[PDB]
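K.L.:
got a sequence here, can you build the structure:
(2 chains, ligands or ions: 6)
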Protein chains: 2
Amino acid sequence: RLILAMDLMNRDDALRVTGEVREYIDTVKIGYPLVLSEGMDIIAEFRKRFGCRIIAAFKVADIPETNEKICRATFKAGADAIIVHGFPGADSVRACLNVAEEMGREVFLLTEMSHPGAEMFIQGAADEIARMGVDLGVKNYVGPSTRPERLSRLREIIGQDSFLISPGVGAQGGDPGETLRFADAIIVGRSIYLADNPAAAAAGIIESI
Amino acid sequence: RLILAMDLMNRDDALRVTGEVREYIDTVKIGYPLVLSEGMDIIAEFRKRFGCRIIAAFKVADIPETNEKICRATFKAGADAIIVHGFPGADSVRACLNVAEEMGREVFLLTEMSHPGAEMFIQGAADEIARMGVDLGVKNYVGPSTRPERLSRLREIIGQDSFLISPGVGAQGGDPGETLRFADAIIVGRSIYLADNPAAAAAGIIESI
Ligand SMILES: O=c1ccn([C@@H]2O[C@H](COP(=O)(O)O)[C@@H](O)[C@H]2O)c(=O)[nH]1
Ligand SMILES: O=c1ccn([C@@H]2O[C@H](COP(=O)(O)O)[C@@H](O)[C@H]2O)c(=O)[nH]1
Ligand SMILES: [Cl-]
Ligand SMILES: [Cl-]
Ligand SMILES: [Cl-]
Ligand SMILES: [Cl-]
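P.N.:
Residues are numbered from 1 along each chain as shown, chains lettered A, B, ... in the order given. Ligands and ions are numbered 1, 2, ... in the order given. Take a look:
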């Protein structure tokens, strides 16, 4: 129920930390901080080295045509799933779903974000973004640990069978236990990778879980 | 280090047994007995239901053009890797490697088989099939548990970094421990799925390992 957000930017440190906490996870979320610094080949290296599932945290938010290209490159690189923003609309999300279907991969729909600014425009559209996901057949979602009442509403819309993961635990203020009342898994980055002992930090989260 | 060969033909029994032994594995080898009976959709169902890696045991052995089509359908269905026969030659293997590269997936090269008949024609070509794999850049191989001296020779050719899995353990007479002196993982089918208590059978193998 714990996903590591590996946002370190240098390959050596990323490999060190991921290896140290491998026993407490099986899924690593890799995003642009690491990929832009070390290249897309890092995805296949991680998948092979650690035998974990890899979720690409690219939160695609372009027009349909470009979203298709990004998804294809991401799955070609070996990612098991890609996170997609829902605010750009149904056609942009459908483009990602089409490529995931073609390549036997998964799409996670980001519905409401965890940072303070998410309240400005995203929050007001979040319920509709989640309903759009349900209408499109999306089965994997991302919602905020920092707002459990919003996480509850998201779970209500997507149902119990849908898979929901949630960032914002630790550094941003979210609580593991409270978040897991609604999400199937929690995403944790800094609380683990910036810790003096990442393995102990992960173990401590697991214990409370 | 244990891969389940799930060759039961009915979905209910396959799901039952795989769920019962899930804690002892993380990789399931699915082949034609199950796929032809329940459809290719069973691959994605297993991947989702159990969160395990899926190796498609199709041992592709056609001309390049057809091998390409089979590999594409297999990866579209969600398989993480596909097993390919090496006896048909380099072009047939290259066709599979090309699709695996396009889709961010893996190819396992079957070099020598485990049954008695493998001594008739395959064994005499096995060393060369393995060398061909090395020349083509193959990093994943399949060799026989029933002939550890042959498994040793295969390991010698492919090197220590290559990943080697081995069927023939249990029902066919192979030994877990002896096989693991050379292979990274053992494939076990009947000894587990036909057992009165599959979980206990898997646990017993794990203990001896
Ligand atoms: O609404 C969202 C969507 C994505 N992330 C991402 O999830 C991770 C959370 O990291 P951290 O705050 O645990 O360090 C980071 O990769 C971050 O970009 C959020 O934090 N909130
Ligand atoms: O040389 C080979 C190649 C493949 N398999 C396959 O590996 C599995 C071994 O099953 P079992 O003998 O443990 O039941 C089966 O799916 C079988 O088709 C072998 O046994 N030997
Ligand atoms: Cl993300
Ligand atoms: Cl972004
Ligand atoms: Cl096989
Ligand atoms: Cl066959």
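K.L.:
which stretches of chain A form helices?
P.N.:
Ranges of helices in chain A, per DSSP state H, are A:11-21, A:32-38, A:41-50, A:64-76, A:90-103, A:122-136, A:148-158, A:176-179, A:190-193, A:198-208.
K.L.:
pull the number of nearby residues for residue A:201.
P.N.:
Residue A:201: 21 surrounding residues under other C-beta atoms under 10 Å in any protein chain shown. C-beta here means a position set from N, CA and C on the backbone, and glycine is covered the same way.
K.L.:
thought it was touching residue A:192?
P.N.:
Yes. Assessed by C-beta atoms under 8 Å, residue A:201 is found in contact with residue A:192 at 4.8 Å.
K.L.:
could you list every residue that touches residue A:32?
P.N.:
By C-beta atoms under 8 Å, 6 or more residues apart in numbering or on different chains, the contact set of residue A:32 is A:57, A:58.
K.L.:
scratch that, residue A:69
P.N.:
Contacts of residue A:69 by C-beta under 8 Å, 6+ apart: none found.
K.L.:
and it, how far is that from residue A:170?
P.N.:
In this view, residue A:69 and residue A:170 are 34 Å apart by C-beta to C-beta, to the nearest Å.
K.L.:
same check on residue A:76?
P.N.:
Residue A:76 is 32 Å from residue A:170, by C-beta to C-beta.
K.L.:
more neighbours: the two, which one.
P.N.:
Of the pair residue A:76 and residue A:170, residue A:170 is the one with more neighbours under other C-beta under 10 Å, namely 22 against 17.
K.L.:
the more buried one - nearest residue in space that isn't next to it in sequence?
P.N.:
By the measure of C-beta to C-beta, 6 or more residues apart in numbering or on different chains, the closest residue to residue A:170 outside its immediate chain neighbours is residue A:191, 2.9 Å from it.
K.L.:
these two touch, right, the one you found and residue A:169?
P.N.:
Yes. Counting by C-beta under 8 Å, residue A:191 does reach residue A:169; the two are 6.9 Å apart.
K.L.:
more neighbours, those two?
P.N.:
Ranked by neighbour count (other C-beta under 10 Å), residue A:191 and residue A:169 place residue A:169 first, with 30 against 19.
K.L.:
report the beta-bridge partners for that one.
P.N.:
Note on residue A:169: beta-bridge partners by DSSP bridges are residue A:174.
K.L.:
show me the contacts for it.
P.N.:
A:145, A:175, A:176, A:179, A:186, A:187, A:188, A:191, A:205.
K.L.:
roughly how far does it sit from residue A:150?
P.N.:
According to C-beta to C-beta, residue A:169 and residue A:150 sit 15 Å apart.
K.L.:
and the residue of chain A closest to ligand 3?
P.N.:
Using C-beta to the ion, the single residue of chain A nearest to ligand 3 is residue A:57, 3.4 Å away.
K.L.:
tell me if I'm right that that residue and residue A:28 touch.
P.N.:
No. If you go by C-beta under 8 Å, residue A:57 and residue A:28 don't touch, sitting 10.0 Å apart.
K.L.:
biggest strand in chain A, by residue count?
P.N.:
strand A:53-60 (DSSP state E).
K.L.:
helices and strands around it, which ones?
P.N.:
strand A:27-30, helix A:32-38, helix A:41-50, helix A:64-76, strand A:81-85 (3 or more C-beta pairs under 8 Å, 6 or more residues apart in numbering or on different chains; DSSP states H and E).
K.L.:
which residues sit against the last one?
P.N.:
When contacts are defined by C-beta under 8 Å, 6+ apart, strand A:81-85 is touched by residues A:29, A:53-61, A:67, A:70-71, A:74-75, A:92-93, A:96, A:100, A:105-110, A:140, A:142.
K.L.:
tell me how far that strand lies from the chain's centre.
P.N.:
7 Å (C-alpha atoms, centre = their mean, to the nearest Å).
K.L.:
next: the first one.
P.N.:
How far strand A:27-30 lies from its chain's middle: 8 Å, per C-alpha atoms, centre = their mean.
K.L.:
kindly export that strand (C-alpha atoms) in PDB.
P.N.:
Provided in PDB are the C-alpha atoms of strand A:27-30 (Å, rounded to 0.1, in the frame of the first residue of the first chain):
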ATOM      1  CA  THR A  27       5.900   0.100  -7.000                       C
ATOM      2  CA  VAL A  28       8.000   3.200  -7.900                       C
ATOM      3  CA  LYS A  29       6.600   6.400  -9.300                       C
ATOM      4  CA  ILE A  30       9.200   8.000 -11.600                       C
END
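K.L.:
strands paired with it, and their directions?
P.N.:
Each strand paired with strand A:27-30, and its direction, by DSSP bridges: strand A:2-6 (parallel), strand A:53-60 (parallel).
K.L.:
what of the last one?
P.N.:
Strand pairing for strand A:81-85, determined by DSSP bridges: strand A:53-60 (parallel), strand A:106-110 (parallel).
K.L.:
rewinding a little: so the longest strand of chain A, near ligand 1 or not?
P.N.:
Yes. Using C-beta under 6 Å from any ligand atom, we find that strand A:53-60 touches ligand 1 at residue A:57.
K.L.:
run through the residues of chain A sitting next to chain B.
P.N.:
Contact residues (C-beta under 8 Å from any C-beta of the partner chain) of chain A with chain B: A:26, A:44, A:51, A:53, A:75-79, A:101-105.
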